[PDB]
Each structure stands twice: as C-alpha cells, then as structure tokens.
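Reading through the structure tokens given below for one structure.
Every number in this text was worked out from the coordinates using simple rules, so none of it is lab data. Quick reminder, even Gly has a Cβ in these numbers, built from the backbone with ideal geometry, and neighbours come from all protein chains shown.
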Amino acid sequence: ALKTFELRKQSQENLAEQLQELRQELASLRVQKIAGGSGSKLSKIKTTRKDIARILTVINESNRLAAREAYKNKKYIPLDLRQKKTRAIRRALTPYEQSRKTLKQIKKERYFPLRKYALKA
Amino acid sequence: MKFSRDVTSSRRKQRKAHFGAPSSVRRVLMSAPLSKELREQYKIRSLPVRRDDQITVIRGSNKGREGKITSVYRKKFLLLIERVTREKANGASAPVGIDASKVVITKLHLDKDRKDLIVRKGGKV
Amino acid sequence: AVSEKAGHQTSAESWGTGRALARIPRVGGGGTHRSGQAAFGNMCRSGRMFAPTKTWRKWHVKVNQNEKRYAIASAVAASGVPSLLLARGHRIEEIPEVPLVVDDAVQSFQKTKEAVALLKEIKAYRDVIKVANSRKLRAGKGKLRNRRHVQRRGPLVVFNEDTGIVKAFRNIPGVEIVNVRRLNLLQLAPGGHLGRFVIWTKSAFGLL
Amino acid sequence: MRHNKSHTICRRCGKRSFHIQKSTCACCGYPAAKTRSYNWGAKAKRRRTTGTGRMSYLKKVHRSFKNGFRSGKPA
Amino acid sequence: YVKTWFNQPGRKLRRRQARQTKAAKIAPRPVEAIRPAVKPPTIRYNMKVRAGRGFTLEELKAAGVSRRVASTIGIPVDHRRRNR
Amino acid sequence: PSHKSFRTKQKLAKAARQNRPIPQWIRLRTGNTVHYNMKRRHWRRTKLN
RNA sequence: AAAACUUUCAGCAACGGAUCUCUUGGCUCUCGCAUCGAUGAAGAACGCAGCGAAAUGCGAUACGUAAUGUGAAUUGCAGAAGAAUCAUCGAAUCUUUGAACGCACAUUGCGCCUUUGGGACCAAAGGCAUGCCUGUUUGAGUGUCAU
RNA sequence: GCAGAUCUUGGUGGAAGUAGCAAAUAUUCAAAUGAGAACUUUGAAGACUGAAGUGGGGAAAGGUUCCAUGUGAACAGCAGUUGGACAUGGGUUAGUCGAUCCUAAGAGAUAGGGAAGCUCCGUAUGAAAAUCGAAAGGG
RNA sequence: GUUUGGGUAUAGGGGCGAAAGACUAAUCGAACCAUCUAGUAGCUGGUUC
RNA sequence: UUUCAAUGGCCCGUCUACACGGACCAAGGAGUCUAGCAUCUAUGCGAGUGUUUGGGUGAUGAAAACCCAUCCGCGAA
RNA sequence: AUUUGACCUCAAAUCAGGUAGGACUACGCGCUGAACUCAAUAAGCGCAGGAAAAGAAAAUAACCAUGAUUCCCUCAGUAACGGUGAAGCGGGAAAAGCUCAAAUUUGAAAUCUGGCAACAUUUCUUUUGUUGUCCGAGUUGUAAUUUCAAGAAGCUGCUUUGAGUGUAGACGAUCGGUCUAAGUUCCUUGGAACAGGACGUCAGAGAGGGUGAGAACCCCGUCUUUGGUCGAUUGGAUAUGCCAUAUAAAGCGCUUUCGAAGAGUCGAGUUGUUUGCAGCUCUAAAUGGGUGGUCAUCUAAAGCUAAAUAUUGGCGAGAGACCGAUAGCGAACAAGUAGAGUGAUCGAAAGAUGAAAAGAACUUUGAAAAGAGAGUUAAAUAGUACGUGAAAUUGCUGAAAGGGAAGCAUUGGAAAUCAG
Ligand SMILES: [Zn+2]
C-alpha cells in the first residue's frame, strides 16, 4: 500500500488523481469478485479500500491544517476547529475570570497574606 | 506473598485475564527458556517465542524432537514445529501442537529488534 | 447477603380457588416457557428464599478488654510450657530450651539463607519442614473461593525492633513474625488451641 | 375480521407501539419531547436505559477523560 | 431504612490519610491552630476548661497583635465572644 | 399487500435475511458455540408483528 | 399338572439427567474517581468483512483510517505476505433519524435562498427551527420635545 | 436432614396400541420415474363444482409462501418419488396504473389566556401576519 | 318467496346503550398493565434425624 | 437372598367414623435475621464497670490486632 | 407650513456573537400526594452537582457564660404532645471567612461589553488574554472607600508593600514505555510428571494463574518497587535574571466629630398544610424590632463560601467463613435473547467429548440412514443424541411363585451364597 508520509509530501491534485484511479481499480476488483476472481484479487479488495481511506485521511488533514492556518489568530473560528472537551467545560468559567478579584481583596492579599510560620517544640 | 494492592490474587480474575489477553499480551505469555549454552552466551534466562526459531521439545510424547517453528498459533497458546506432526486416519499430516513453555530455544532468529531486546533485558551480545 | 429484590422482580398473582391446582401465584403472559409457572415462594423454583440473608447480621462481637488481656497472658504462659507445645503439634523434640530466647543480633538479619541457617542451628527446622510437607489442596469450595492451599503453623518469632528480621524471616513457610507490643491472640493460640512454639529475642524478652 | 392496525412502527424508538388515531407512541411517548418513563416500571426502564445501545460517544468521552482531555499531536 | 457501619475502618483510614495529606501540604506550620481556653456555659460544666473557637478582639489587642495579621500568623479570631 | 410502503419493505427485507441458514465455516471455527440457528422463523408460524 | 401372562429378585441393555467434581458468572462489602448533550446526547434505524446469520466493532475513509508503543503475524479455508481480529489513542470520518432544528412523516412526500458544475433541466456544495440575552441596522408612534 | 403442603421444577408411567382419524357422493386401468406407488406424472374411462363456481381478478391482511433445481433429517393424525417443508439460486422494469396533489368528518401548531407544574383552553380567534387528514371521495 | 368497507370521534364506578343491568380485544364482584404489596389470615393445608 | 408352610397383620398423613390430600420418581421446600425486655447459666472486673463515637501505631496484606483519651451510660440514695 | 435633529416606547431581520431544551438519577433540593399511626412514604411533576443542601446568629442560654454550617456518640426514648417524639449543654470529625444596598470622586465616569489592528499566551494553530482606536452601555449611578466584628472624617508616628515576566536544580504527583532469583538433573508409575524417591538451588520473591495429574526453581507474574531507567506534562516552593513605577496604598493609638443598616416586610385576625409555611382582611416602628424568663442575647425582611457528610446509578479496582447451573442477577450460554400481547408490558429454557479431532481412512451389507469389520486414543464403559450417568419407567436373559388381591412380620425347611 501507499505510505502515509510520502502521501503527505504530495500536492492536492495528485492525491485527487490517485483517489480517482483507486476508485477505478476498486470498481474493477469488485466486478472481478462478482464475475469470479482469484484469492489474490479478493484480498486486494481490502488493501485497496484501506489505501483510498488513507488518501481520504491525508486529504482531510491537509485541508484542516490549511483551515487552521487561515483562521490562526482570530477571535472566532469554525466550530469544527474549536475544542470539544465537554459541553460543561465549554460553559464553565475560565481560570482568568475565576481568578478575578475586587481591588478590596487585592489589597487584603497584598498586605495580610497567608504567612509562613512555625513552632519551636 | 504479594503486598501491593494494584495486583490481584483471585483465581477468577487471573484466568479471565489469561484467556482473554490480546495477541500482544499472549506474546509475553508464550515465552520459552533458553538452552545452557544460549543462556551463558546472552546472559538471558527466557525469551519470547517467535516463528522460525530452532527449538527442541523437553516434555511430552515428543520429548527429544528438534526442529524449527512454522507458526506460533497464539490464539490457542500453541506452537507448530516442522515434521512434528501426526498421521490422521486417512494418512495426512496434522501438526501436533506443543506449549511454548515446554520447549527450549536452541538457536535464535537474530534481527536488530531481537538484539535490542537482548541488550535491553540485562544481556550482552 | 442475597439481592433484596431477588425473587420479587417477576410478575405473578394467585390464580384463585377452585382451579384444581395450587394457589401459589403464577407468572402471567403466554407463549413463553415461564408463563403458568409458580413464583414468590421458598418452595418455588426461581423464587425468593425463606428469610433472605441480610447484611446487618451481627458479624462482629465485642469482647471485654480485660478478658482479651487475660487470654493473651494465658496464651504466652501456655507458649512457655513444653508439654503444651507437643500437644499443639510442634516438632520441638530437640529444641534446646523453652521458652527460647535469641540475642538481638537476629533483629538485623537480611537474608532468608541466614534465617534458615539460624532455624537449623537452633534445631527448630523440623517444624518448618512439617509445615512445608503439610501443604495440600483444600477440600471443598474453599479453593473456588480464594482459599486454594492449606498448611500447618510454624514457629512464631517475636521481636522488638524491625531492622530486617521481618523481611528475612517472612518467606520461610509457617514462620510468623510479630512485634512484642502487638501480640495477637490469633497468632499466639491459633485455632483456639493453646501453646504455640514461640521464639523470642532478647529485647522482646526483656520488654515482656 | 381482525385486519386493521391500532399501532405502527415508531419513528423514534423503532417499536410497533406508535398509535395511529392518538398519534402518540405508547412505549416512548413520541412526539413528546421527553422520553416516556415511569418509576413503577423499573424493568421497563432497564430495557431501554443507557447501555442497551452502542454508547459510541460516551465511550469516546470516557477514554478522553482518562487522559485529561488533551488535544493536539504527540512528538 | 438501616444505616450499617461496615465502612468504619475505611473512614478511619481515610481520615488519617487526609490528616497526613494536610500535614504534608502545610508542613512548615502546625496542623492544628491555637485555641483559647474557654469555660462551658452551664452549672453542670462550669468547673471545666475546654478549647474555644477563637480569641476575641479585646484579647488580641491586649496581647498587642492586630486582628488583621492574627489570621495570617494562625490565630483564629472570634468576633462573637466577649470577655466579661 | 401489494401496496406496502418503503419502510415496510425494508423491514421485510432484513427479516428475510435474518432467517437464513448459517455458513458452515463459522461453525468450524474454534471456541465458537454457534452450531445452529435459534432465530429461525417461518411465515406460517410466528408473525413479524 | 408344562408354556404364555402377571409379579418378585439379580445381570445386562435402554429411558431420563440426579449426584460428585469443576466455573472468564452472580451476590455482598470496602476503596478510588466525577466524565452526557444544539461543536448534536441517550436511544432507534439501515448498512459495512473474500467466504457472516447472531454477538462485538465500525459508518460510504464502514468488523475501519491517522498518530504512538510493541515487534512478525491472522487462522476455519483461501490469500498475498512494519504484519497483527495487538495495545494505546491527543488527528479525522461518522449514512437515516432521535431534545431534532426549512415544512411534514402510516409519504425515500413538498419547498425556498446563495454559489458552482454538466452536456430550460439536472446535479453538487453551503444554508433556512423556537424562546431569551448583549450589540448592529432599519423602522413605527397626531409619545415628549428643539429649530 | 422431608413422604405429603389440590407443594415448585423436571422426568416417567397404568389406562393403551385403547378411544379415535375426515364433513363436502368416487374412483378405476395402463405406462413412466423410482429402493419403495391406493396418494407423484401422462393417457384412457367414470364423476364433481354447474357462471349465486372447487372459475378468473383485486382491497384489507400476510411477506417471499412466487419460479427453477435438489433433498426426503423434522412437519403434511396414512403414505409419499409429491408439498405451500427443507437446501441453493433466480424473479416485481411505468411521464400515461396508484400513492404523491386537494379537501370532507376530524386532529392540531401559532398569536393570547390559565395552571405549583408535565401542560389545558384557544386556531379565526384583538398578532405591527399554518399543517395533518381518502391506495373506494375530487384527479 | 336496511346491511357494510374505510377514515374519525366518545376511555373506566368513565364511555356507550329501542335499557337485557347489557357492550367496552375469548376478562366486566365492577376493562387491561406495572408498582404500593412480601396488603390485611380470628381460617385452611404442610412444617424434614 | 429368594421362596414355601403355619400363625398374625385393615392405607399413610390432616381434621373434627366420615371427609381432604396421595399415579410414580429425582431435586428444591417451611420457627430465620434483627431491636428491646425478662429468667437462668458462664466469663472478666468489682464500688465500681463499659476500648472500638474518636485518636495513634500497625506493612506483609493493615476492614484484623495492639495501644491511648475526656465526655457519657448503668450503679453507688 | 412643514422640514431637521434628539429622547422615550415598541417592533422586524436567514443581522453579529451567545445561551435554554433532551438523557442518567444511587445520593441532593423543592412542588404534590393516597390507600390497605400508615407516611410528610410509594406514584406523579420541576431542578442540580461531584457531592447537593446548610452556613458566618433578628443563635443558645440564665452559666466563672457558649459562639458559622455539616456529621458522629451522648443528651434520650427525656422534655413535649395524644403511640409520636426533639433540642441546649458535653465529647469528637472538620474548620475559613466574607460580599453588597443604605453616605458626593464632584478638581473632572476615574467603570464596562462589543467592532477594528497589532502583540501575545496555550493541555490546544483548538486556550486565555494585553494594549491602542471607534461605537455603545452608563449620571434613573458603572469604579475606589464602608458592612455594625464595625466604619467614616480629622489627628498621630511607627510599621508594611507586585494580581508581574524567563533560566536552573531539587522536591512531589498523573499518563503510558521498559528492567528483574533459582532443576526442567537421575530412577519408578503413567498417554502426559506438574506424583513418589534421591541429589541441589533461590527466597525483600513459598500470593496467584498457565502448561498433557499436587510446579517457589518450565512460563507469566510475585518481592525488590514509598525504585532504576525512557519520555510528555504539570502543582508549589528555592536560587537566579528582567519588567513595575510608591507624587501611592494599608495596619495600628486618639477623638473636639458623626455613625447612613434591607416594607405589602415584620406583626395581628382568620382559613388551610406538617412552632414552620401559605391564602385572604388590615398593615408598622427607629434605642426600634426579634427571641428567652425590667433583664439577658441577637440585628431579619439582600448575597457568596471549601472541609468533615450522603452515594441499590456511572467508571475503575481489591476482596469474601456468600451461591456452585431447579443455586447465584431474569440472564455463567447468541439474555432483556427466543417467544406472547393491539398496547402498556410479560419473558424463559439451555454449562462440561478429549491432553490433542487425533471427529472413525479403508472394506462389506444396505436405496439411503445406518450396521458389521477395522482405525485414532490411556479410554469410544469419551463417537458430538459426547465428563461421571442415580431413581421412576421399559426390554432381554436367568431363578422362582401364582385357583377372587398384592405388600409385611415370626419360626423353620429347600435352593443359592458367605463366613469362621
Ligand atoms: Zn416510540
């Protein structure tokens, strides 16, 4: 099968053409199965299916990194590019606004913080 | 006796883990000891069993038979050895299976990965 | 305890009187093997057992502290008598002295070889072999229930300070090591039988 | 004389419990937004509760949680 | 409804570990704060002395330590109690 | 009848595939208790409902 | 008054599945942890393997792909031969539905907006639910006013 | 620790090769297949349903029972070479036939009004404007 | 010598009924289903060497 | 052990003779756990008695065991 | 006339950006609520979390006074009510306090969301921010100071100070990677040694599991491990570097000062629910109001907050004086499956060949199915209808008895058999 890394160092159109010829080959392999083929062809059906899956994977990755580059350093980005941990974590308070304190509390923690002490036994 | 709490001692859990271990774990479970010359040559007591290894049977009805391994038939914790077969009713050859722990490895199949294993497991090449 | 819902999560009501059959409730429905069969009864198949076992049975029992201390003191006194040890079953025919006292030099042991050498040299190793030879396969459902093997009991080594004695002795079959300040009755007189063979150290004996 | 239907296959729960005239499923309560459930039907709850299906997302979340919900690509 | 106590050794072990974790976290300082000597408020127990919640403002001022820094150095303060 | 909807036909289609005999090779596998079919239905017998 | 028949006893053979032994199951107790969903949840449907009906897994990239670790398999046959029904898992895909969201759904029914492609028509991609909040734009008011 | 509880579950008996077998007049001869023919196939003969059919079609309902090939383990209160059973395959082709479109009885979203609330009234209603419902109706 | 197919409406001490104290999925001492419920027992039948 | 001869022998359980159950066999199957109170017995201590609400130690499995402490319970009117 | 611009109110948008639904429910908070004290239970409805709720006194007390909440022992089965049934105190587990409204910054809205542009930072190209500019919000009040424990305004002279940004080592922890001591030596039995006997070894490892029977030394593991070795994260401190801007802020002792404090709310009458709450008539005060018997104690009608506590659900584990296939979950198995009902729902049965299919080649009879010879195996008294294989019941063989019962007991003969 095609190696994923050398699939990555190619351009969009070549992967598109490789995708197209793979589909021709898969269609040819399946009609051999219907009309009667050898075990090599029946086993080749699976490996060519996986190789199209590899090409779809690398194409989608290249598109998504391209989109992330386009939306890099922006306030709003597509919901697919946004993180998805849980709905609760997304709705929760961020650490910055959990650490926000009034100036009254800032003065209190400036002047009377939790001191470092000890007792002699 | 075990003193930790991360490990189990229940017969139920040990058998479930043993007979449900995936192929990667059955590789370690299907280990065999080395011969005296091999042990003194690599400073290794036991090694995992791999195909195309030259082994000799130590226990069973084939005690003393010697040959290479044709396959480590993992999903039954079983080995298959060249010429260690059985005559069926018709006369065909049915391979006689031997447990991995009942044989001794008299000659290894050296590649870079196995040499890495030897030097990693407190051994010398 | 059994499940509190065991035998109840079916659906079965009594068919009534005059049915030419017993009045125990029977599962409703039809077309299935269970329909028409009885339920809700200790006699009935797949029914709740009589008085289902409960978790708040009295499992633990309170013993007066003075009674516990009385038993432990008597257990130590029993261990200091040769005849009770022979009845206990300890092979102490050639033990030089009972009670057996050993110097503090054994509280800093490091190897099972050293511990076994001491046991042979005091001639207490007959008891260890008796324990080792007595290892058997348990009779009954115990081995199904995580009680696979059964053996005897060997010498009880009582120490004062753990500097390596516990680890150097813990692997000899039958040898049980305990601190002098936490003498357990279950180890001093196991099985309710008095007079275990106990090996003391000097510091533990002085602290007794 | 028995050649009519009272219930049909439900869209939401795939059972033949969706009434025709009432147009409400007797099993799951569709088209109600809330799934029909009743505490007296403990067995009825456990026949249709979570875990009787694929749980495809929940297994994804659990494996993700076990590692602190990290994202990106390792070295 | 029954409340069984089969987790009593488990609770005891967990509390001890929590004390151990607390000690490890704030090791420089004692794990228990200073507590005032206080007399129970009844005719049956007015002959004893036990540990009160915290000191009062008058006691803090008489000692010379301010109510602000008293919390910082580990002296609990009770604003309800008064010295009669 | 001869006026079934698509959903009815599709449900019928898989119900016809479910009651088919089991291939022998899956039986011949090891550790495979499957040796017959316990979901075999017949049209004259129990209805699909 | 012999056979046959009936009954009793014993051996053997049947019928049946008790007993004994086991057990990747159940039950109970204890300890640890806090993690669903409009970025589409739980659930349902329909499909996916060379030879599969169920179970499991997965979603037209379909008994899966990417990445990391292991290091030479899978196996019932055939088959070729960084393999594998391996583990981990942070990158992706995820069909029809479902709170289900263009209108409906006992219907593979009926639409509208934007763009593109094909040799008016068709196809493809992206969109069109409700309530509420902050802001933006346009307004409506013989509501109050200033020129 | 069981002899009972019209006990539970499972297994097995005597009655007993006993009661009995289905309505719907009725079958016979020859040949072929076949291990095996009262029951399969062809011919000949005799009958029956007698257009209000034992005829040819459809709706509801069933769902592959349809057709070919093969089998005779199990089912067809006899039998079977046959079957609607089993096994392997094949088979439903629409601009004009229907659904889809419209609406009837009826159901019901929305704007508003109630209810502690899931939600009920309201649908032409005091709003800054529907939909579903007929494989026998209309087309 | 009115009947009836389909669609729809009416649901439980309710509906429906030219009224039989009738029908309401082979059930109407009072529809069916699941919980409370392991309901209530002066009573019956069994209760093991 | 089978069998014969003589003698004897009504079918068991339940319920107040009758009646009710019983075709046969195997397995299951019915005074249990718990809270309080009372008598008696035994054990420990004794004008005292009760560790396990709690704390400490316990490494070898640590839900056990061992140790420690003020209330408080009953009793001492 | 009427045109222009404001403010107020209300609309519309497939406007820009967000949010709510549904599911689980063991534990948690409310509403509602029966029947046979039942029971503030079950059912029904709403809503959360890892805990929830409660919580810093409009609290107890009558003391030498205690001092937020929660939980446990005790109070105590006491007070109280007519069987129900507390609380104060006392001993413990855990501890942590606070934030607003009510007063002018008036020499300066000093405050904040959003748009635009850069700078950054990340569990992360996925996160979170900084600055500048514009518009908007906002004087019908956003900032700073104040919360009654006080506090403000003067006066005083002592003390204190960052909501920062890199580098290194140590100290922990999470994830997975990887490391581990010794017989397979001899003889007998056996299909197989993992059994018995002999000779030995390791043990900080003699727990457990697998392997052709009871394996510490064949293998996995186990002890070492509260650790060595890899990597990736971080949490907090130490050393070290760089920015900050204090012309300030804060604590403490005095007052020659004032001290703002929550309304259809408290409260009363009436009806309803188990003092507490709600409906309704009516409706307050400012040394006032609430609570307890003039006194004592609190300061409501506004808000936040870890910990000890619960946890038949979910996810991981460790166990057991539990059950051992009519038992234990309904389900050890293709189980909420087959199947039943229009539906709500109801819901089983069924584990074991052998070490290894080695699953009986081949021949013969038979239409076939099968049988008989063989063959595999230690075993076919293991042939899948497969471990062991009981009873009821049935067939055959052998022995015996029998004229409308049979069973049983006592004595002895006859036959069979065993024994001293
Ligand atoms: Zn439904």
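Please tell me if residue B:12 is more than 6 Å from RNA strand K (Cβ to nearest atom), of a type outside the set (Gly, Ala, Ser) and out of contact with any strand residue (DSSP E or B) (no Cβ under 6 Å at 6 or more places or on another chain).
The answer is yes for residue B:12.
Take the residues of the range C:51-68 that are without any contact (Cβ under 8 Å) to a residue 12 or more places away in the chain and within 10 Å of RNA strand K (Cβ to nearest atom): which is surrounded by the fewest Cβ atoms within 10 Å (Cβ to Cβ)?
Ranking the candidates gives C:61 first.
For the range B:18-111, which fully contained strands (runs of 3 or more DSSP E) count at least 1 residues that are under 24 Å from residue B:125 (Cβ atoms)?
Filter on the range B:18-111 gives B:31-33, B:46-48, B:54-57, B:66-73, B:103-107.
For the subset of the range D:11-26 comprising residues that are within 7 Å of RNA strand G (Cβ to nearest atom) and within 14 Å of the chain's Cα centre (by Cα), which member is nearest to residue D:49 (Cα to Cα)?
D:13
Among (1) away from chain E (no Cβ under 14 Å); (2) away from RNA strand G (no atom under 16 Å from the Cβ), which single condition is residue C:2 missing?
Of everything listed in (1) away from chain E (no Cβ under 14 Å); (2) away from RNA strand G (no atom under 16 Å from the Cβ), residue C:2 misses just condition (2).
Sort through C:77, C:87, C:71 and tell me the only one that's surrounded by 14 or more Cβ atoms within 10 Å (Cβ to Cβ), of a type outside the set (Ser, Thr, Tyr) and part of a helix (DSSP H, G or I).
Of C:77, C:87, C:71, the one residue that is surrounded by 14 or more Cβ atoms within 10 Å (Cβ to Cβ), of a type outside the set (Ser, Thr, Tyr) and part of a helix (DSSP H, G or I) is C:71.
For the range B:5-20, what are the residues that are within 27 Å of residue B:104 (Cα to Cα) and within 14 Å of another protein chain (Cβ to nearest Cβ)?
Once the filter is applied, which keeps residues that are within 27 Å of residue B:104 (Cα to Cα) and within 14 Å of another protein chain (Cβ to nearest Cβ), the range B:5-20 yields B:14, B:15, B:19, B:20.
Looking at the range E:16-39, can you tell me whether even one residue there is of a type in the set (S, T, N, Q) and not in a helix (DSSP H, G or I)?
The answer is no, given that none of the residues of the range E:16-39 is of a type in the set (S, T, N, Q) and not in a helix (DSSP H, G or I).
Scan D:46, D:36 and give me the residue that is within 16 Å of RNA strand H (Cβ to nearest atom), closer than 30 Å to residue C:7 by Cβ and either crowded, with 16+ Cβ neighbours inside 10 Å or within 12 Å of another protein chain (Cβ to nearest Cβ) (or both).
From the options D:46, D:36, the qualifying one is D:36.
Go through the range A:23-57 and give me each residue that's in contact (Cβ under 8 Å) with a residue 24 or more places away in the chain and within 25 Å of the chain's Cα centre (by Cα).
A:47, A:48, A:50, A:51, A:52, A:54, A:55, A:56, A:57
Filter the range C:137-146 down to the residues that are within 10 Å of another protein chain (Cβ to nearest Cβ) and among the charged types (D, E, K, R) and list them by number.
Answer for the range C:137-146, where residues must be within 10 Å of another protein chain (Cβ to nearest Cβ) and among the charged types (D, E, K, R): C:143, C:145.
I'd like to verify a number: residues in the range D:2-22 that are part of a loop (DSSP other than H, G, I, E, B) and near the ligand (Cβ under 6 Å from one of its atoms), how many?
4
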